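Asker: Below is one structure. I have some questions about it.
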Amino acid sequence: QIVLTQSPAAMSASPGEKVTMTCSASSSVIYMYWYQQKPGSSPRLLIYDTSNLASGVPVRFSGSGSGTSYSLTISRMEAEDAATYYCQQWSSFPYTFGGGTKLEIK
Amino acid sequence: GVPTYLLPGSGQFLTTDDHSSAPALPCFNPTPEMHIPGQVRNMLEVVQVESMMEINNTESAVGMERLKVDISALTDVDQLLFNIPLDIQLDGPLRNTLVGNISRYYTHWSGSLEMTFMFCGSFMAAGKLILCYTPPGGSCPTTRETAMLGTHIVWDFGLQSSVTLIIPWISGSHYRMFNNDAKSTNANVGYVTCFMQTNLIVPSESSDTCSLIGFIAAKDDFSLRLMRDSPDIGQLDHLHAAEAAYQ
Amino acid sequence: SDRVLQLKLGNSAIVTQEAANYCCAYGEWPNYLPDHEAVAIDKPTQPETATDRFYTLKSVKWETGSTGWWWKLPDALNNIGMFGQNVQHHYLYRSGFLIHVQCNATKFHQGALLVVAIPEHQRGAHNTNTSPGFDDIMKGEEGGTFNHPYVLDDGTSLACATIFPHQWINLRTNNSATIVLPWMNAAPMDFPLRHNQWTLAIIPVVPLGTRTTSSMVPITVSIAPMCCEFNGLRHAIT
Amino acid sequence: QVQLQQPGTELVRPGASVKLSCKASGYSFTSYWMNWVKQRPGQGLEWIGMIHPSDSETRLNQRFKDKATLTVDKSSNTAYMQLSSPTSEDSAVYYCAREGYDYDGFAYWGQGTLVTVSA
Amino acid sequence: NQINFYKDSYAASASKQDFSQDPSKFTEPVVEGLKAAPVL
Amino acid sequence: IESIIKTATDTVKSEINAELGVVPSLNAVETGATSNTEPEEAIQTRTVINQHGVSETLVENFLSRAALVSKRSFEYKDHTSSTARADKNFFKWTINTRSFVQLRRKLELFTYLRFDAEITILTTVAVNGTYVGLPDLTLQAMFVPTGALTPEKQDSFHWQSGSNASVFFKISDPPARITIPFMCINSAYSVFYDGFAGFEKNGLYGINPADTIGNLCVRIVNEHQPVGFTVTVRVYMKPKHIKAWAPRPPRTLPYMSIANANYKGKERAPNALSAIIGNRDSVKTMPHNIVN
């Protein structure tokens, strides 16, 4: 059971600012996945294999990282983007998820 | 200095070339050797180990049902059980054997082969079998009186469970080729048919359906030549996680 | 002459009246680590008769729909006896194994077992890219079950499994199969908990069946370590 | 095109048998897996396990494997989820999700159901 | 023929000259050797 | 018994023999030993002098060939525009034998291997879309052990390589070839590793350090040209000085990932999960049977 540490647990950002998150793993995984869950909606896949963007995902989203450290990058923040964020590992069973990241627009 | 001149084939990269090259790590000392069991110096050591033929390859057979041949009691004398195509380098039953996989890396092959069948029926089961080998040029014999004209052995169930059928090396040439025509005179090895000598008799308490397990190995006169790539494996795409090694 | 066999090592002994010429893997017999192959300087401990003896595992039922059973070593033995204590207190170990499998049936039963010891068996997973987990691979004493024994779960062929040290249990010919495994590894010693050098498999090549009244047929495995050594004495990690 | 239809809130009892289905459309029901994830209020997601409808092969998380069993139906194209001994910890939001057509990680999700445990 | 002017011994060309075989370990991994004779 | 066998064995002539108590054709597979029945004992043979050589099946001759371990293409241009996911004129590859299945399945026929890695880098340049010409570029390949600090930029000061071994070569020059020794901390490599590397239970299954050669960092030393090119680097590895132990079964089903042994199987035979060999009508049916 690889424990994924999602840091920071919370952040605040203005529209247009760059936000950056870090998903730390208790071991070395291969690819990192990322999710968005709206306030009361179902999750959605955004970055898979730490490179590509899924459907309906703007180019503003990005991801990178290797080894045990993986990160998500959003170039320009928008007010509609406030939601929880998760990181998943495909490498070993069971599938483990990040702690979650909550953020609002000030 | 020394006057020289280049030859055709200078600067080329040949995958099979044998040459010495610049060591990347100077004065490196590899780890001392430790004795490990089961060293294979020559690949002909592997092909001499008997491995299970898959005779039952057919529909309505899933998974492990394909490695055994069901034998049952019969109401008619002189019946055929199964037949084995003998081409190693085609897709036939011999494909997945040790002798079959190592031989599909090579274009030419030579030497005698052996089949071995182990009767797995109950201790109270009796029977006699005949294992026939027909050299090429004819059609697969469907009758025993036509099949017993070739190399065969008659086998009676007992304490020893296994009979060995030598397939001798019979050819006009020193080798045979893999080439994808199965009927070529340089390829086809002939046929193997198995008939009921007498019958399979079992008591009412024992199970009436008994099974055989085909094995095949290679003798110490076996040989292989002209290595090639193996068709048994191939990829149309990059494997998973292969891109991650570039991260 | 090769039919009856007795194995006396330790305070335990096993007799069998039907056996075929017990298999000695790769012609190698277990022995202690010689002085020229020894990496660790500390004086190793050799419990001898304490850790070298047959440890019987839990019997498994054999039923027609059985897909086969596997046990990984030393992992199966790490919780058992004084061998299981030396594993927990000691950083390193080196030993060979002696496998004996007991399956019996009436002369009216038919069946066959391929009993094979797969060196360095790396298991796969069906129709997924995810590597197997820690609890999937490490079953302890209970042992696991083949999902697809036809491919040996690693994607290889069961037909070629005879290249590994093996015997058969053919309910007609013999009631037991014995395999003697030396130390297999690239390193002279090894960490007991994470790495498993051998995987013992019992595969139903030919299924069970009879027309006699149905009964339970157990499959029992008695595993005896041989020439054990241990290094890195510390507190028990367990 | 694909639509995973999941039921709504279901009140349960302390030790009854929870019956949860999942619906599939727009794709071959036997060609992919089915994955179940739980959500506690203000908590992170956890992965219960999977089942493959073809041969009815399931693979579960080491922890929930004993407390949950999965069932599939190829005819009605409806995957089932059953829980045992509902308690205060079993109240959560359950999603049934599946792998992407070439992508990994649950690109298609469900609508979720809210399990309310009361005694 | 071989030519190696490099100092390190692992830089040398591949050595194909080892013909030693021991098929008896794979083919005959038994404690009692078989007779060319019923074994059982 | 170990012996020097340079050729296939000779055949001796045998006569008609019927004798009680001697049954050369009977064996016991339950012993696990291969049938020792000789052709002389089964049927009646003639004296043959077999001159066929065994030299081409030697594990040294068998396993040692140049096979493609890696192939990697990247753009050569000014990267001040393109994002970070694209290559910035350098790329780092962790050296593994599991990327391509021809060499992978062939090295997985054995449990342990001890060999020297002879590496060859072959580079091919093209022009992105009017044609101009193929420039002559100098490429650096620096050998970085696993876990060390690899360059983050083309122009980074990590490429000075005062310690790490590097090699320089040109497109026009013959392919660069270096010999990597046997660096495993053990006596041989583990092709299959049953266990975990780390003491914690979160480790990876089958992923073993000390079986990784290291990282190979390749860049284009020349500064970016006014026109974007496309460079493709192919690396070939030839084992040599080979010792092999404990042969294994050849893998049937196709590979899925390089990180593990996970199998899938094709949709139908051959090489299907349930059927490895293609299906025929019945056990009595001969597909290629001759008809005249």
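Ordering of the structure tokens sets the chain letters (A, B, ...); residue numbers start at 1 within each chain; ligands are numbered from 1 in the order shown.
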Any idea what's packed within 8 Å of residue 60 in chain A, counting only C-alpha atoms, ignoring anything in its chain fewer than 2 positions away? Could you give it as a list in words?
Answerer: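 The neighbour list is residues 58, 62, 74, 75 and 76 of chain A.
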Asker: How about saving the chosen residues, N, CA, C and O atoms kept, as a PDB file, in the first residue's frame?
Answerer:
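Result file follows (out-v2.pdb):
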ATOM      1  N   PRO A  58      -8.730  21.826 -20.644  1.00  0.00           N
ATOM      2  CA  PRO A  58      -8.035  22.881 -21.385  1.00  0.00           C
ATOM      3  C   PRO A  58      -6.525  22.700 -21.343  1.00  0.00           C
ATOM      4  O   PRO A  58      -5.976  21.969 -20.517  1.00  0.00           O
ATOM      5  N   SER A  62      -1.416  21.090 -16.866  1.00  0.00           N
ATOM      6  CA  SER A  62      -0.176  20.434 -17.247  1.00  0.00           C
ATOM      7  C   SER A  62       0.287  19.564 -16.090  1.00  0.00           C
ATOM      8  O   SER A  62      -0.155  19.726 -14.951  1.00  0.00           O
ATOM      9  N   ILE A  74      -0.877  24.454 -13.400  1.00  0.00           N
ATOM     10  CA  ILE A  74      -1.907  25.205 -14.109  1.00  0.00           C
ATOM     11  C   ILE A  74      -1.333  26.577 -14.431  1.00  0.00           C
ATOM     12  O   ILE A  74      -0.979  27.336 -13.519  1.00  0.00           O
ATOM     13  N   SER A  75      -1.238  26.893 -15.724  1.00  0.00           N
ATOM     14  CA  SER A  75      -0.613  28.143 -16.145  1.00  0.00           C
ATOM     15  C   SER A  75      -1.399  29.352 -15.647  1.00  0.00           C
ATOM     16  O   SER A  75      -0.862  30.213 -14.942  1.00  0.00           O
ATOM     17  N   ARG A  76      -2.680  29.432 -16.005  1.00  0.00           N
ATOM     18  CA  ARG A  76      -3.525  30.572 -15.662  1.00  0.00           C
ATOM     19  C   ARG A  76      -4.749  30.067 -14.911  1.00  0.00           C
ATOM     20  O   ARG A  76      -5.542  29.294 -15.460  1.00  0.00           O
TER      21      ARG A  76
END
Asker: Show me, as a short mmCIF file (atom, residue, chain, number, x, y, z; two decimals) with N, CA and C atoms, in the first residue's frame, the residues of chain E whose atoms get within 7 Å of chain F, using only C-alpha atoms for the distance check.
Answerer:
data_model
loop_
_atom_site.label_atom_id
_atom_site.label_comp_id
_atom_site.auth_asym_id
_atom_site.auth_seq_id
_atom_site.Cartn_x
_atom_site.Cartn_y
_atom_site.Cartn_z
N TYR E 10 37.86 -7.24 -20.06
CA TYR E 10 36.49 -7.37 -20.53
C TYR E 10 36.26 -6.70 -21.87
N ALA E 11 37.21 -5.88 -22.34
CA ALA E 11 37.09 -5.25 -23.64
C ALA E 11 37.31 -6.22 -24.79
N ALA E 14 34.16 -11.48 -28.12
CA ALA E 14 33.41 -12.61 -27.59
C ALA E 14 34.18 -13.91 -27.78
N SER E 15 34.17 -14.75 -26.74
CA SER E 15 34.89 -16.02 -26.73
C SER E 15 33.88 -17.15 -26.91
N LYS E 16 33.90 -17.76 -28.10
CA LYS E 16 32.94 -18.77 -28.50
C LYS E 16 33.47 -20.20 -28.33
N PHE E 19 33.03 -25.56 -25.51
CA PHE E 19 32.15 -26.61 -25.99
C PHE E 19 31.65 -27.54 -24.89
N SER E 20 32.05 -27.33 -23.64
CA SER E 20 31.70 -28.27 -22.57
C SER E 20 30.19 -28.29 -22.35
N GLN E 21 29.63 -29.49 -22.31
CA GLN E 21 28.22 -29.70 -22.01
C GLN E 21 28.08 -30.61 -20.80
N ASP E 22 26.94 -30.47 -20.12
CA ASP E 22 26.54 -31.42 -19.08
C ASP E 22 25.03 -31.59 -19.17
N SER E 24 23.36 -34.14 -18.43
CA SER E 24 22.86 -35.05 -17.41
C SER E 24 22.22 -34.33 -16.24
N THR E 27 18.66 -33.58 -17.96
CA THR E 27 18.00 -34.78 -18.46
C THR E 27 17.91 -35.87 -17.40
N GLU E 28 18.92 -36.00 -16.54
CA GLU E 28 18.98 -37.06 -15.54
C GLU E 28 19.22 -36.47 -14.15
N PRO E 29 18.24 -35.65 -13.61
CA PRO E 29 18.43 -35.04 -12.29
C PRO E 29 17.94 -35.94 -11.16
N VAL E 30 18.44 -37.17 -11.13
CA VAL E 30 18.02 -38.18 -10.16
C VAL E 30 19.24 -38.67 -9.41
N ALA E 36 20.52 -48.46 -19.02
CA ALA E 36 20.10 -48.52 -20.42
C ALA E 36 19.14 -49.68 -20.66
N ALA E 37 16.21 -52.09 -18.97
CA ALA E 37 16.25 -52.36 -17.54
C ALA E 37 15.17 -51.57 -16.81
N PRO E 38 14.21 -52.27 -16.21
CA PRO E 38 13.14 -51.58 -15.48
C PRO E 38 13.69 -50.79 -14.31
#
Asker: Write out as number ranges by chain the residues lying within 8 Å of residue 88 in chain F, counting only C-alpha atoms and excluding same-chain residues fewer than 6 positions away.
Answerer: F: 75-76, 79, 153-154
Asker: Generate the output file for the selected residues, N, CA, C and O atoms, as an mmCIF file, in the first residue's frame.
Answerer:
data_model
loop_
_atom_site.group_PDB
_atom_site.id
_atom_site.type_symbol
_atom_site.label_atom_id
_atom_site.label_comp_id
_atom_site.auth_asym_id
_atom_site.auth_seq_id
_atom_site.Cartn_x
_atom_site.Cartn_y
_atom_site.Cartn_z
ATOM 1 N N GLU F 75 12.958 16.561 -31.467
ATOM 2 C CA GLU F 75 13.122 17.723 -32.326
ATOM 3 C C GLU F 75 14.396 18.479 -31.980
ATOM 4 O O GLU F 75 14.816 18.538 -30.821
ATOM 5 N N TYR F 76 15.013 19.059 -33.004
ATOM 6 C CA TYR F 76 16.190 19.907 -32.850
ATOM 7 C C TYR F 76 15.844 21.288 -33.388
ATOM 8 O O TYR F 76 15.717 21.471 -34.603
ATOM 9 N N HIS F 79 13.843 25.789 -28.451
ATOM 10 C CA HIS F 79 12.765 25.255 -27.629
ATOM 11 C C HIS F 79 12.124 26.296 -26.721
ATOM 12 O O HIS F 79 11.302 25.936 -25.873
ATOM 13 N N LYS F 153 19.468 20.396 -18.639
ATOM 14 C CA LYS F 153 19.476 21.294 -19.786
ATOM 15 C C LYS F 153 20.516 20.824 -20.790
ATOM 16 O O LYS F 153 21.442 20.085 -20.448
ATOM 17 N N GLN F 154 20.352 21.268 -22.039
ATOM 18 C CA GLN F 154 21.377 21.031 -23.050
ATOM 19 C C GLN F 154 22.674 21.737 -22.685
ATOM 20 O O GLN F 154 23.764 21.168 -22.817
#
Asker: If we count only C-alpha atoms and set the cut-off at 9 Å, which residues sit around residue 159 in chain C, ignoring sequence neighbours fewer than 3 positions away in its own chain? Please answer as a ChimeraX atom specification.
Answerer: /B:51-54,67,96-98,215 /C:150-151,156,162 /F:249
Asker: With N, CA, C and O atoms kept, could you save the residues just selected as a PDB file, in the first residue's frame?
Answerer:
ATOM      1  N   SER B  51       9.279 -32.378 -23.068  1.00  0.00           N
ATOM      2  CA  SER B  51       8.276 -31.386 -22.713  1.00  0.00           C
ATOM      3  C   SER B  51       6.951 -31.792 -23.336  1.00  0.00           C
ATOM      4  O   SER B  51       6.902 -32.518 -24.330  1.00  0.00           O
ATOM      5  N   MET B  52       5.869 -31.306 -22.740  1.00  0.00           N
ATOM      6  CA  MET B  52       4.529 -31.779 -23.059  1.00  0.00           C
ATOM      7  C   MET B  52       4.075 -31.229 -24.403  1.00  0.00           C
ATOM      8  O   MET B  52       4.022 -30.011 -24.599  1.00  0.00           O
ATOM      9  N   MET B  53       3.748 -32.128 -25.326  1.00  0.00           N
ATOM     10  CA  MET B  53       3.092 -31.740 -26.562  1.00  0.00           C
ATOM     11  C   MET B  53       1.638 -31.411 -26.270  1.00  0.00           C
ATOM     12  O   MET B  53       1.030 -31.987 -25.363  1.00  0.00           O
ATOM     13  N   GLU B  54       1.076 -30.483 -27.036  1.00  0.00           N
ATOM     14  CA  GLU B  54      -0.352 -30.197 -26.951  1.00  0.00           C
ATOM     15  C   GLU B  54      -1.006 -30.860 -28.158  1.00  0.00           C
ATOM     16  O   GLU B  54      -1.043 -30.307 -29.255  1.00  0.00           O
ATOM     17  N   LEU B  67      -3.749 -30.399 -23.037  1.00  0.00           N
ATOM     18  CA  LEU B  67      -2.495 -31.113 -22.847  1.00  0.00           C
ATOM     19  C   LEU B  67      -2.668 -32.617 -22.687  1.00  0.00           C
ATOM     20  O   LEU B  67      -1.666 -33.326 -22.558  1.00  0.00           O
ATOM     21  N   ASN B  96       4.954 -25.306 -29.157  1.00  0.00           N
ATOM     22  CA  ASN B  96       5.139 -24.751 -27.823  1.00  0.00           C
ATOM     23  C   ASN B  96       6.056 -25.595 -26.942  1.00  0.00           C
ATOM     24  O   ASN B  96       6.243 -25.265 -25.769  1.00  0.00           O
ATOM     25  N   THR B  97       6.622 -26.673 -27.471  1.00  0.00           N
ATOM     26  CA  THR B  97       7.564 -27.473 -26.706  1.00  0.00           C
ATOM     27  C   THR B  97       8.917 -26.770 -26.603  1.00  0.00           C
ATOM     28  O   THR B  97       9.225 -25.844 -27.357  1.00  0.00           O
ATOM     29  N   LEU B  98       9.719 -27.206 -25.626  1.00  0.00           N
ATOM     30  CA  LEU B  98      11.094 -26.726 -25.521  1.00  0.00           C
ATOM     31  C   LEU B  98      11.853 -26.950 -26.821  1.00  0.00           C
ATOM     32  O   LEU B  98      12.505 -26.037 -27.338  1.00  0.00           O
ATOM     33  N   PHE B 215       4.780 -36.325 -24.731  1.00  0.00           N
ATOM     34  CA  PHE B 215       6.041 -35.638 -24.502  1.00  0.00           C
ATOM     35  C   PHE B 215       6.881 -35.724 -25.768  1.00  0.00           C
ATOM     36  O   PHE B 215       6.700 -36.623 -26.592  1.00  0.00           O
TER      37      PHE B 215
ATOM     38  N   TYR C 150      -2.384 -22.705 -16.899  1.00  0.00           N
ATOM     39  CA  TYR C 150      -1.981 -23.059 -18.254  1.00  0.00           C
ATOM     40  C   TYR C 150      -0.774 -22.243 -18.698  1.00  0.00           C
ATOM     41  O   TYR C 150       0.129 -22.767 -19.361  1.00  0.00           O
ATOM     42  N   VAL C 151      -0.734 -20.959 -18.331  1.00  0.00           N
ATOM     43  CA  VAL C 151       0.397 -20.091 -18.637  1.00  0.00           C
ATOM     44  C   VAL C 151       1.369 -19.956 -17.472  1.00  0.00           C
ATOM     45  O   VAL C 151       2.338 -19.193 -17.576  1.00  0.00           O
ATOM     46  N   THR C 156       4.511 -17.666 -19.323  1.00  0.00           N
ATOM     47  CA  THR C 156       5.279 -18.720 -19.973  1.00  0.00           C
ATOM     48  C   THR C 156       4.354 -19.893 -20.290  1.00  0.00           C
ATOM     49  O   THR C 156       3.127 -19.786 -20.223  1.00  0.00           O
ATOM     50  N   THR C 162       8.824 -28.583 -17.540  1.00  0.00           N
ATOM     51  CA  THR C 162       9.704 -29.696 -17.216  1.00  0.00           C
ATOM     52  C   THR C 162      11.178 -29.317 -17.260  1.00  0.00           C
ATOM     53  O   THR C 162      12.016 -30.120 -16.842  1.00  0.00           O
TER      54      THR C 162
ATOM     55  N   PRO F 249      11.025 -21.616 -19.262  1.00  0.00           N
ATOM     56  CA  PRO F 249      10.138 -21.783 -20.408  1.00  0.00           C
ATOM     57  C   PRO F 249      10.071 -20.512 -21.232  1.00  0.00           C
ATOM     58  O   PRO F 249      10.060 -19.401 -20.681  1.00  0.00           O
TER      59      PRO F 249
END
Asker: Should the cut-off be 12 Å, what would the residue list for chain C against chain A look like, counting only C-alpha atoms, as a count of residues only?
Answerer: 12
Asker: Which polymer residues have any atom within 10 Å of an atom of range 92-94 of chain D, counting only C-alpha atoms, with same-chain residues fewer than 2 positions away left out, as a PyMOL selection string?
Answerer: chain D and resi 6+8-9+20+36-41+43+45-48+81+88-90+96-97+110-117
